[PDB]
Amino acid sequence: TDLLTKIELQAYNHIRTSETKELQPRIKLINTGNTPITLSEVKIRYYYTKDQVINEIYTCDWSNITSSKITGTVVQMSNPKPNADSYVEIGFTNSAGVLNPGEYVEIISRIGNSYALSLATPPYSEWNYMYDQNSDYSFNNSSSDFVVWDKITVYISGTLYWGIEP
């Protein structure tokens, strides 16, 4: 048909140190087509290797649509690839609404051991909260602000609409 569904995904890592106690992917999903997209149908995946980190949780610190409309889950991959044995899957609630052409959602996230994300000393050996980021498929070690980024994937109703799987 003659109304195109199209998106662009921009992202960067807000912490780019080789080791981190929190993954900080920041993502901007933009509707660049001319069809509205129902947000609850959209899933975004940030792929990484969990290394020896435990108690992994997701939190959304902020979104331009507010964090209560955002969902995030940490998923272990049944079929791991090099640099990808886990992904953070970010989604939207049933009542998140519609992303019209020209609109965007921005999502600021933190992922890590629940005890590290509280900014208190985790009661663990370092390896149980410190990630290695260069072993993470979706990690961008350089950009200090949003860039178009092909290594985070986006699905609408289960179909891949953006990005390259690991």
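So that there is no doubt, residue numbering starts at 1 and follows the sequence shown.
- When the mean C-alpha temperature factors of 113-121 and 22-30 are read from the deposited coordinates, 113-121 comes out higher.
- As listed in the deposited structure, the average C-alpha B-factor of 49-57 and of 35-43 is greater for 35-43.
- In the PDB entry, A96 places in the highest third of its chain by CA B-factor.
- In this PDB entry, the Cα temperature factor of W62 sits in the top third of its chain's modelled residues, the highest group.
- In this PDB entry, the Cα temperature factor of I156 sits in the top third of its chain's modelled residues, the highest group.
- In the deposited entry, the Cα temperature factor of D136 sits in the bottom third of values across the chain's modelled residues.
- Ranked by C-alpha B-factor against the other modelled residues of its chain, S143 falls in the middle third.
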